[PDB]
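First, one chain by itself in structure tokens, the form deposited in one PDB entry.
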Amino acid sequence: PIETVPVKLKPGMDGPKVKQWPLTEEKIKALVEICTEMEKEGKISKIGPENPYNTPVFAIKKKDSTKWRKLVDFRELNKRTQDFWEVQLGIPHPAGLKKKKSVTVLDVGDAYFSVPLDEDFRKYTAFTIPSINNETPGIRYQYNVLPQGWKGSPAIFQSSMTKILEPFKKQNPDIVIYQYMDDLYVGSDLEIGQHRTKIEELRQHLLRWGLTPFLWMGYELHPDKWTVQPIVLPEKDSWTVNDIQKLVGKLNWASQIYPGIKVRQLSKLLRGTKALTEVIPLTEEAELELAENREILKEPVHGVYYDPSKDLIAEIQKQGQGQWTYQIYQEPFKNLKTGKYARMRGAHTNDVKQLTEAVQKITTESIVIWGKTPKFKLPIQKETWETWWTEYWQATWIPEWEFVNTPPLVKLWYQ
């Protein structure tokens, strides 16, 4: 006897019509078992071809987890679904979450299955389960309850969510709790033992409502230890023509970010037509120019701030040897954060797994810092990414992405 919250699509927008991609035998078997159990429990019901919508579905295993977990790629539906901030159901984002010494991420999406979904909106959740060798045509379903991975699920469930958290929040006023998609982010400045203890309390606190993929898992973050990667100029005692050419190139590029950078005095050193390996000494004027440029790169960029109404963009460069650099911004050359990753899973053997890890890491940081996930510019060929990325995806959400091919003419973020 729970009334359904009516949901609309953005005016002038149809529903998602995204084709189902092929699934490995292990993923189909998992889905067929998961859907058989969801159909018995009424969480999903079969449909036919008269429903013109469709969203891709597959399955993942979270880190250090041996059990499958259904994942629907609701990216297309989420972009077409009415923004609930206009409905005032938006979840505010706490600026103090990134400052906590520890942050645990709990998968609470399971609770969304208790809330029914608006009848008129269920047709938009249609998905199709394929079969190996196309033995059986696609078997289509749709959701009757709040589906995991849909941006409307946490929004509608928030009214129920806040009540469940009421007693724990009042007993622990210094703990930060943020809800994003199927995940709950819980941060504290406590000691790890006390922190993990409080997290266990919140779990059992949830089962108190549970009796009235699973919840037992949690992942630890430490945002207070997150660092950035600035643009750096090498320190040499002797410079070759080539070195100064690279430096002038890099500085000339960097001037789009720091408008005070000059290269006039350094360029004049390349006045002749010299061999690239010729060592040339720095003039008195060029010595001060370099030092002053280093000074400029030390201070922050002027007029760079986070605008809550603009999308986040993330660019990633493969630097080689397991090193990966990234920048996050809303306006070009106004980076809100720059970073570097190294020695991730896959390092020195698998580019795609490493990049998959990088995208997950950057998204997780964006959620903690701004409550948004960025749109990624990926340094990979579309076909290469689409063939493998699902083998390494371990998150319950999926960010937007596009594919780029930018030869590194200037090693700008990594020497």
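For the two forms, the rigid core is made up of the largest set of C-alpha atoms that agree within 1.5 Å on superposition. Note that residue numbering begins at 1 and tracks the sequence as displayed.
Coverage remark for residue 216: absent from the model in at least one third of the other entries compared whose chains are built on both sides. Coordinates are lacking for 10 or more deposited residues between residue 212 and residue 213.
The PDB entry reports B-factors from which the mean C-alpha value can be compared for 355-363 and 32-40; the larger average falls on 32-40. In this entry, 299-307 shows the higher mean Cα temperature factor of the pair 299-307 and 70-78.
Comparing the listed residues 242, 204, 335, 325, the entry records the largest Cα B-factor for 204.
Ranking 127, 168, 253, 150 by the C-alpha B-factor listed in the PDB entry places 168 at the top. Residue-level temperature factors show residue 114 in the highest third of its chain, judged at the C-alpha atom. Compared with the other modelled residues of the chain, the Cα B-factor recorded for residue 339 ranks in the lowest third. Per the deposited record, the Cα B-factor of residue 314 falls in the lowest third when ranked against the other modelled residues of its chain. Among all modelled residues in its chain, residue 407 ranks in the middle third by Cα B-factor.
Residue 263: CA B factor lies in the highest third for its chain, per the PDB record.
As for the form deposited in another entry, it is not shown, yet the points below apply to it.
After superposition on the rigid core, the C-alpha displacement between the shown form and the other one reaches 2 Å or more for just one residue among 156, 316, 261, 111, namely 261. Once the rigid core is overlaid between the shown form and the other one, residue 290 counts among the residues whose Cα shifts by 2 Å or more. A displacement of 2 angstroms or greater separates the C-alpha positions of residue 250 between the shown form and the other one, with the rigid core held in common. Residue 240 shows a C-alpha shift of 2 Å or greater between the shown form and the other one [criterion: core-superposed Cα displacement of 2 Å]. Note: the CA-CA distance for residue 86 and residue 149 contracts in that other deposited form relative to this form, by 3 angstroms or more. Between this form and the other one, the CA-CA gap for residue 65 and residue 154 widens by 3 Å or more, being larger in that other deposited form.
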